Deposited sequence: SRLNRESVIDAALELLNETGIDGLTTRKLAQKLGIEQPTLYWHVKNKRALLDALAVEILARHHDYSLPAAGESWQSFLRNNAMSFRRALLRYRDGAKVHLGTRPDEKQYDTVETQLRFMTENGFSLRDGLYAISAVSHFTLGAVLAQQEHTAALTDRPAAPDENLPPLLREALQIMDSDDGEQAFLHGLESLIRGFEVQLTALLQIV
């Protein structure tokens, strides 16, 4: 079938949904594409290359809140951004595993530079803004991975029994959203402290 970049990526994401990340292979992608392996190789050199591009394309396609709205507070941007990042990661099977270990791609440079600049224009040092952004990313990544990998892997004392009912009660959104608010407020307390002991 068609082997332009967009079509290869479409097929790969469809396969990711079928197999998950551990089970995704270039051999299986070739089969899905109706092509022989040396044909695939011309287009896609190895699994790493493919995973690198899926991480980028999952966000380009589905991570819609990458930029602050005009006038938006930094707290609100981080909140919407995290929510959007989470949704994009959850969209495909093992999506968070796909993102892990990537670094920003050149096609994301201007976006991510805008995010870092925006934090600094709101009073953060570059370093502190980066810490806040990285904490949001790590927290969101952790939460999504816990959920998705929990699913992959698939006598109690009373408080643990209950905690597990609680967790078995929703998809992880409630705990994520509550933690996110805590994270943001801690950042704010830090920012507003300046050089005061806090």
Non-modelled portions of the deposited polymer sequence, in sequence order: 155-163
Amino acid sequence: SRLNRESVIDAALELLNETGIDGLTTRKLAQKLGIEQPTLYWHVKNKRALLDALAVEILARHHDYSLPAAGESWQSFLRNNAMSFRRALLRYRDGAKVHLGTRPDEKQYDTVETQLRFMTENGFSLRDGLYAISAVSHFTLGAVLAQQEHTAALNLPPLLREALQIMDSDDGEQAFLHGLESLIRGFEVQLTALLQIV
From here on, numbers count along this sequence of modelled residues.
message: Regarding 164-172 and 132-140, which shows the higher C-alpha temperature factor on average in the entry?
response: 164-172
- prompt: Taking only the CA atoms, which stretch has the higher mean B-factor in the record, 42-50 or 64-72?
  reply: 64-72
- prompt: From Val189, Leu177, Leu183, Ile21, can you pick the one with the highest C-alpha B factor in the entry?
  reply: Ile21
field: Chain thirds of CA B-factor: placement of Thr111
entry: highest
message: Splitting the chain's C-alpha B-factors into thirds, which one does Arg79 fall into?
response: lowest
- prompt: In terms of the chain's CA B-factor thirds, is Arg117 lowest, middle or highest?
  reply: middle
message: What third of the chain does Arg93 rank in for C-alpha temperature factor, lowest, middle or highest?
response: middle
- request: Check where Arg127 lands among this chain's C-alpha B-factors and tell me if it's the lowest, middle or highest third.
  value: middle
